[PDB]
Amino acid sequence: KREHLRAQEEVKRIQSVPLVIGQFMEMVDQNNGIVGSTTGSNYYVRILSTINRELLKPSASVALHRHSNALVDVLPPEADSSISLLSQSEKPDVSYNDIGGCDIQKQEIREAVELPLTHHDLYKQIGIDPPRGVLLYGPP
Amino acid sequence: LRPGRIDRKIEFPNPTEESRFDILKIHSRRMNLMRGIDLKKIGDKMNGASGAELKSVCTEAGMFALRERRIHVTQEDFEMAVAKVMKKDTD
Amino acid sequence: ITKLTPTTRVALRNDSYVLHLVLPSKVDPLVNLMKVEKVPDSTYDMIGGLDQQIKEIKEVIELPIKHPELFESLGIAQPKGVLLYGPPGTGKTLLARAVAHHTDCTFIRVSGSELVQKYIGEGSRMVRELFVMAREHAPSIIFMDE
Amino acid sequence: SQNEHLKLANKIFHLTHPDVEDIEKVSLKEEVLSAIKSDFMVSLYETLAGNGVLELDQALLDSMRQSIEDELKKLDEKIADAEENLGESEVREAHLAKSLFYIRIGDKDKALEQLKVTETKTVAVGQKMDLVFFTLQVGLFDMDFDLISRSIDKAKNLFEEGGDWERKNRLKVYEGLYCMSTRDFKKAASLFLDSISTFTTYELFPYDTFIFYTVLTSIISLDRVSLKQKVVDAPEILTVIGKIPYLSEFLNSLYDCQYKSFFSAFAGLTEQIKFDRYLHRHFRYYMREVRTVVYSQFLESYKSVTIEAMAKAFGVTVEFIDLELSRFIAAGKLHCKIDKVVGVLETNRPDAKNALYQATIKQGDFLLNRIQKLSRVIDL
Amino acid sequence: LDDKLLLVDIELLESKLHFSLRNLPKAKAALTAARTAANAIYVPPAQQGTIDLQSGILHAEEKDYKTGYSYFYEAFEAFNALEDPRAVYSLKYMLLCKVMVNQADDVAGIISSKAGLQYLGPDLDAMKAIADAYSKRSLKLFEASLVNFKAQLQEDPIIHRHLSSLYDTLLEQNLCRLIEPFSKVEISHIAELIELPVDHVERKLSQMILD
């Protein structure tokens, strides 16, 4: 038992400090996987047992040893998608009444989008399957 | 159009009321109706538009029902949405 | 070696690039093309007011599916061409979908796009590209929009 | 078909429950009016044994077991023509509609092997989910309380793709009649709104009758904030129970605090509850919960009212009230405390701690009874 | 004749007639028909505001207050866009709907709105007084405002038809205020505090417990 307590030494060694980018794609089995790497190519390596194996099976951001290029930890999502919710900075603050009445021109479509977004229970009980996405189209 | 190319031909004629009844029974089957439907009259109001306009009308009915957060679109809501579908049909 | 399916993924060592293990389920290009298509899977019982056309399509194609000996006794050629015409999207699209649904055939409907071309071939000089995908999935049907 | 199965079941069950419905005679006539026609063979051999002799039924059977065979052999004249030029397994596809005949005509065995046959046939659920409803309805006649537990989940797993509200709101009726058929009056009130929005099938053609049914379970399941919800249900009753003089007077007397006339129609409903099928397993449990709900509604309205006031305003018989309130306080409910020789009833108020602790120690003993007995059974 | 504008006008008048006749079902059917016809034509803002106002009135009558809420904001926007004095009645109906939703606090916020400031009037003062009465849960100023703003409240048939329910709710909430300082209380004491007869207090508290 006093030795298996040293089974945080494996964690310490693995984690290290200089970890690189990665992406979780799938695993051959436990303690075995093939990853998706930023290097454009793919390499398959083992896993870091000292982790929540059930993290993100589809895709994520994992690490790799400079030489071994193997996951030793998994950081949070960090991308160049920018601060989407930039509060006032990314906030148009535009009067709903925009360039003309557009009372059914686009108002009803926006209302349907808001009903799928906020009244989720409503677009759910009825079973009407609200639309998937909004792609604006019209004269330049 | 060579006779040996098209082995057989099948056309999709515009459904009539006799055909729209089953179309309605299929389309509204997934909706939350009101006790008592009376879809026969509505299909009568449907003057054989197409095999898709019925789908929108059935879907469009839920539009008003959501607009009032109603828990079931009664024969009034489907009737109203029928005009909106035909409103686009007449444009 | 035989178990190692050609055009399939197996593990590869790094210092040696020697075989390490097989890769289970990497990809199926036809499945990807179909997913890009996003076909509206239907059901024969959900067919709207085209019962006679339903039997015609069955008698048109499906007959040499559950009974390939039907035309052998009569000595007639296998039907080749079937087309859906009439008012646009009058359920003809839905009738086609339900056909495969109740028939269990590989549905592939194309609109002549270019993204799917990346899976058929590098240049797609001729229209035989789709056949190659179908040619190994014999239980398939072909649908083409207007 | 299984759509009038309602007639069969209800009629025969009335004839068999309530001590054979007085002098059993018109029930064995009108069921036999439906038995020796429409090709019924199997479900009434012991019902003939529960009936009289009816000595010559042999020619009555032989004309029908032949008519059983004539529909059976035309399947046997269809299964070879449907396979020579196959549609979508038109052998099965013919008798996927004619198994429900053979479900009515035969027993469950000709149904269960043909429904699970055609369950692998159809690739869309719109024929699958109607087969599952057929499995539910036979699961009520033969009261297959363990076979309904499987296919209800197997039903419910199908509705989520699509909305299928005629396959959902119809489904809510089936749990509603199941949660009331056995002791679960809680979910009965669930399908109350479900019935508000449902429709009239062959079983329940009378909307007013379905409406009244959704009211007997509501007056137990919910209190009077939810009985203001039930007054919204009573505007729904001005819509439907406005045709009912009995049930309108019965529900509103509890709401209008017309306490004395409340028992008058309660005697009517409970007698009707006895002769009715499917409430007759629990008609004695209903009123003793409706008595204790009518008592404590009045008693919670005072710190303490005398015991001789409830005779002339609530129900006559002072000593009748005496023996009734003595057996319910001793039963551990109806939170008050009666005095005897100064002739008064006093109430108290306990917290929701002692009574909430009481139901916990029942379930904790019950679950530990389950797992201690289990761990002895396994591992020798 | 397919004269959809005139058809909508006639159907709205017909709906108003049966609203006056207290025949809510047929009035609602008429309103639905009018909205269906209007959906086929570009309705002028005044007329569209008229349908919004009438729909709000019918839905509020049904006691479905949030829908009439939304409908009367539609109506106020429509009328204020036209500076039509019926925006004034639209404002009153919105404030009624809010006060009925137990959100009496929002009355002060709405009144301070730019649109409200344009329409300051004795009737708006009536609405503010009603909200104030609702806020502190006291009936006496409710009678005081009913007497003070008689010209504003009772002669309006729509307002009068809900004055009763508002009176009742004010009774209820003032009673709830009054009972909190006790766990036991004498009924006559409650009566004198509210100066309503002991028998009515007893009956209404019995109803509250039943509710």
# chains A, B, ... in the order shown; residues from 1 in each chain; ligands from 1
$ interface_residues --of "chain B" --to "chain C" --cutoff "9 Å" --atoms "only C-alpha atoms" --output "ChimeraX atom specification"
/B:4-15,18-24,26,50-53
$ write_last_selection --atoms "N, CA, C and O atoms" --output "compact mmCIF listing (two decimals), in the first residue's frame"
# COMPACT_ATOMS: atom_id res chain seq x y z
N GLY B 4 -36.42 1.67 -75.23
CA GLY B 4 -35.69 0.74 -74.39
C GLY B 4 -34.99 1.34 -73.20
O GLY B 4 -34.49 0.60 -72.35
N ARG B 5 -34.93 2.67 -73.10
CA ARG B 5 -34.27 3.31 -71.97
C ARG B 5 -35.18 3.35 -70.75
O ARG B 5 -34.86 2.78 -69.70
N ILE B 6 -36.32 4.01 -70.87
CA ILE B 6 -37.31 4.09 -69.80
C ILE B 6 -38.14 2.82 -69.82
O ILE B 6 -39.09 2.70 -70.62
N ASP B 7 -37.80 1.86 -68.95
CA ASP B 7 -38.53 0.60 -68.92
C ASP B 7 -39.99 0.81 -68.52
O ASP B 7 -40.88 0.13 -69.04
N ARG B 8 -40.24 1.74 -67.60
CA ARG B 8 -41.60 2.05 -67.18
C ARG B 8 -41.66 3.49 -66.72
O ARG B 8 -40.63 4.06 -66.34
N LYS B 9 -42.84 4.08 -66.76
CA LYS B 9 -43.05 5.47 -66.38
C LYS B 9 -44.15 5.56 -65.34
O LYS B 9 -45.17 4.87 -65.45
N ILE B 10 -43.95 6.40 -64.33
CA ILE B 10 -44.93 6.64 -63.28
C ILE B 10 -44.96 8.14 -63.01
O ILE B 10 -43.91 8.77 -62.86
N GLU B 11 -46.16 8.70 -62.95
CA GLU B 11 -46.34 10.13 -62.73
C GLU B 11 -46.98 10.37 -61.37
O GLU B 11 -47.71 9.52 -60.85
N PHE B 12 -46.71 11.54 -60.80
CA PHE B 12 -47.27 11.90 -59.50
C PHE B 12 -48.34 12.96 -59.69
O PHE B 12 -48.06 14.16 -59.54
N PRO B 13 -49.58 12.58 -60.00
CA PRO B 13 -50.63 13.57 -60.20
C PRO B 13 -50.96 14.31 -58.91
O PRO B 13 -50.82 13.78 -57.80
N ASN B 14 -51.39 15.55 -59.08
CA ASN B 14 -51.72 16.37 -57.93
C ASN B 14 -52.83 15.71 -57.12
O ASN B 14 -53.92 15.44 -57.64
N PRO B 15 -52.59 15.45 -55.84
CA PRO B 15 -53.60 14.77 -55.03
C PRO B 15 -54.87 15.61 -54.89
O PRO B 15 -54.83 16.84 -54.83
N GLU B 18 -59.91 13.21 -52.11
CA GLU B 18 -59.89 11.77 -51.87
C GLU B 18 -58.49 11.29 -51.50
O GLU B 18 -58.36 10.33 -50.73
N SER B 19 -57.46 11.93 -52.04
CA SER B 19 -56.08 11.59 -51.70
C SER B 19 -55.55 12.36 -50.50
O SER B 19 -54.72 11.82 -49.76
N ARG B 20 -56.01 13.59 -50.29
CA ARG B 20 -55.50 14.40 -49.18
C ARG B 20 -55.94 13.87 -47.82
O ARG B 20 -55.26 14.15 -46.82
N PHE B 21 -57.04 13.13 -47.76
CA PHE B 21 -57.50 12.61 -46.47
C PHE B 21 -56.43 11.76 -45.81
O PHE B 21 -56.08 11.99 -44.64
N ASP B 22 -55.87 10.79 -46.54
CA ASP B 22 -54.75 10.03 -46.02
C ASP B 22 -53.51 10.89 -45.83
O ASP B 22 -52.76 10.68 -44.87
N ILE B 23 -53.29 11.87 -46.71
CA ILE B 23 -52.17 12.78 -46.53
C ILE B 23 -52.29 13.50 -45.19
O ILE B 23 -51.31 13.62 -44.45
N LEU B 24 -53.48 13.99 -44.87
CA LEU B 24 -53.69 14.64 -43.57
C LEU B 24 -53.52 13.65 -42.43
O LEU B 24 -52.86 13.95 -41.43
N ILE B 26 -51.67 11.21 -42.23
CA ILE B 26 -50.26 10.92 -42.02
C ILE B 26 -49.53 12.14 -41.47
O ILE B 26 -48.73 12.02 -40.53
N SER B 50 -51.11 20.32 -53.74
CA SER B 50 -49.96 19.48 -54.07
C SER B 50 -49.75 18.49 -52.93
O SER B 50 -50.47 18.53 -51.92
N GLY B 51 -48.78 17.60 -53.09
CA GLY B 51 -48.39 16.65 -52.07
C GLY B 51 -47.46 17.21 -51.01
O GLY B 51 -47.05 16.48 -50.11
N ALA B 52 -47.12 18.50 -51.10
CA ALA B 52 -46.25 19.15 -50.13
C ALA B 52 -46.92 20.29 -49.38
O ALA B 52 -46.68 20.44 -48.18
N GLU B 53 -47.75 21.09 -50.05
CA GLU B 53 -48.50 22.14 -49.37
C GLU B 53 -49.29 21.62 -48.18
O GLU B 53 -49.40 22.32 -47.17
$ residues_around --residues "residue E:61" --least-positions-apart "6" --cutoff "10 Å" --atoms "only C-alpha atoms" --output "PyMOL selection string"
chain E and resi 19+22+24+55+68+158+161-162
$ interface_residues --of "chain B" --to "chain E" --cutoff "10 Å" --atoms "only C-alpha atoms" --output "ChimeraX atom specification"
/B:67-69,76-77,79-88,90-91
$ interface_residues --of "chain D" --to "chain C" --cutoff "10 Å" --atoms "only C-alpha atoms" --output "JSON list (two decimals) with N, CA, C and O atoms, in the first residue's frame"
[["chain", "number", "residue", "atom", "x", "y", "z"],
["D", 83, "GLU", "N", -45.77, -15.59, -52.29],
["D", 83, "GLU", "CA", -44.34, -15.87, -52.31],
["D", 83, "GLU", "C", -43.81, -16.10, -53.72],
["D", 83, "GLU", "O", -42.60, -16.00, -53.92],
["D", 84, "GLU", "N", -44.68, -16.41, -54.68],
["D", 84, "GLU", "CA", -44.24, -16.64, -56.05],
["D", 84, "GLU", "C", -43.81, -15.34, -56.71],
["D", 84, "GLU", "O", -42.82, -15.31, -57.44],
["D", 85, "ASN", "N", -44.54, -14.27, -56.44],
["D", 85, "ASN", "CA", -44.20, -12.93, -56.92],
["D", 85, "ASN", "C", -44.30, -12.04, -55.69],
["D", 85, "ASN", "O", -45.36, -11.48, -55.40],
["D", 86, "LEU", "N", -43.20, -11.93, -54.97],
["D", 86, "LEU", "CA", -43.21, -11.36, -53.63],
["D", 86, "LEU", "C", -43.30, -9.84, -53.66],
["D", 86, "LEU", "O", -42.57, -9.18, -54.40],
["D", 87, "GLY", "N", -44.19, -9.30, -52.84],
["D", 87, "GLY", "CA", -44.15, -7.89, -52.55],
["D", 87, "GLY", "C", -43.25, -7.65, -51.36],
["D", 87, "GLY", "O", -42.07, -8.02, -51.38],
["D", 88, "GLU", "N", -43.77, -7.03, -50.31],
["D", 88, "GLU", "CA", -43.02, -6.85, -49.07],
["D", 88, "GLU", "C", -43.43, -7.92, -48.04],
["D", 88, "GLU", "O", -43.98, -7.64, -46.96],
["D", 89, "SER", "N", -43.13, -9.16, -48.41],
["D", 89, "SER", "CA", -43.50, -10.38, -47.69],
["D", 89, "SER", "C", -45.02, -10.44, -47.49],
["D", 89, "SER", "O", -45.54, -10.38, -46.39],
["D", 121, "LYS", "N", -40.69, -7.49, -40.04],
["D", 121, "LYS", "CA", -40.96, -7.20, -41.44],
["D", 121, "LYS", "C", -40.83, -5.71, -41.72],
["D", 121, "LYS", "O", -40.01, -5.30, -42.55],
["D", 122, "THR", "N", -41.62, -4.89, -41.04],
["D", 122, "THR", "CA", -41.74, -3.49, -41.40],
["D", 122, "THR", "C", -40.54, -2.70, -40.91],
["D", 122, "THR", "O", -40.07, -2.89, -39.79],
["D", 123, "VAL", "N", -40.04, -1.81, -41.77],
["D", 123, "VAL", "CA", -38.86, -1.01, -41.45],
["D", 123, "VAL", "C", -39.22, 0.37, -40.93],
["D", 123, "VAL", "O", -38.32, 1.10, -40.48],
["D", 124, "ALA", "N", -40.49, 0.75, -40.97],
["D", 124, "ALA", "CA", -40.94, 1.96, -40.31],
["D", 124, "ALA", "C", -41.87, 1.58, -39.17],
["D", 124, "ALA", "O", -42.61, 0.60, -39.24],
["D", 125, "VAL", "N", -41.82, 2.39, -38.11],
["D", 125, "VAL", "CA", -42.50, 2.06, -36.87],
["D", 125, "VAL", "C", -44.00, 2.19, -36.95],
["D", 125, "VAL", "O", -44.70, 1.67, -36.07],
["D", 126, "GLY", "N", -44.52, 2.88, -37.97],
["D", 126, "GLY", "CA", -45.95, 3.13, -38.10],
["D", 126, "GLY", "C", -46.79, 1.89, -38.22],
["D", 126, "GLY", "O", -47.98, 1.91, -37.89],
["D", 127, "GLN", "N", -46.20, 0.79, -38.68],
["D", 127, "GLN", "CA", -46.84, -0.50, -38.53],
["D", 127, "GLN", "C", -46.36, -1.24, -37.29],
["D", 127, "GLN", "O", -47.13, -2.02, -36.72]]
$ select_by_dssp --residues "chain A" --states "strand (DSSP E)" --output "list in words"
residues 26, 27, 28, 29, 32, 33, 34, 44 and 45 of chain A
$ closest_atom_pairs --of "chain A" --to "chain D" --cutoff "10 Å" --atoms "only C-alpha atoms" --output "JSON lines"
{"residue": "A:124", "atom": "CA", "partner": "D:163", "partner_atom": "CA", "distance": 8.7}
{"residue": "A:125", "atom": "CA", "partner": "D:163", "partner_atom": "CA", "distance": 8.1}
{"residue": "A:126", "atom": "CA", "partner": "D:163", "partner_atom": "CA", "distance": 7.2}
{"residue": "A:127", "atom": "CA", "partner": "D:163", "partner_atom": "CA", "distance": 4.3}
{"residue": "A:128", "atom": "CA", "partner": "D:163", "partner_atom": "CA", "distance": 7.1}
{"residue": "A:129", "atom": "CA", "partner": "D:163", "partner_atom": "CA", "distance": 8.2}
$ write_last_selection --atoms "C-alpha atoms" --output "PDB file, in the first residue's frame"
ATOM      1  CA  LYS A 124     -40.695  19.867 -27.933  1.00  0.00           C
ATOM      2  CA  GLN A 125     -44.130  18.794 -26.677  1.00  0.00           C
ATOM      3  CA  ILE A 126     -45.875  19.666 -29.949  1.00  0.00           C
ATOM      4  CA  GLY A 127     -43.342  17.498 -31.787  1.00  0.00           C
ATOM      5  CA  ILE A 128     -43.088  20.013 -34.621  1.00  0.00           C
ATOM      6  CA  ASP A 129     -39.283  19.728 -34.837  1.00  0.00           C
TER       7      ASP A 129
END
$ select_by_dssp --residues "stretch 82-206 of chain E" --states "alpha helix (DSSP H)" --output "VMD selection string"
chain E and resid 86 to 100 105 to 111 114 to 118 122 to 136 140 to 148 150 to 153 157 to 179 187 to 194 198 to 206
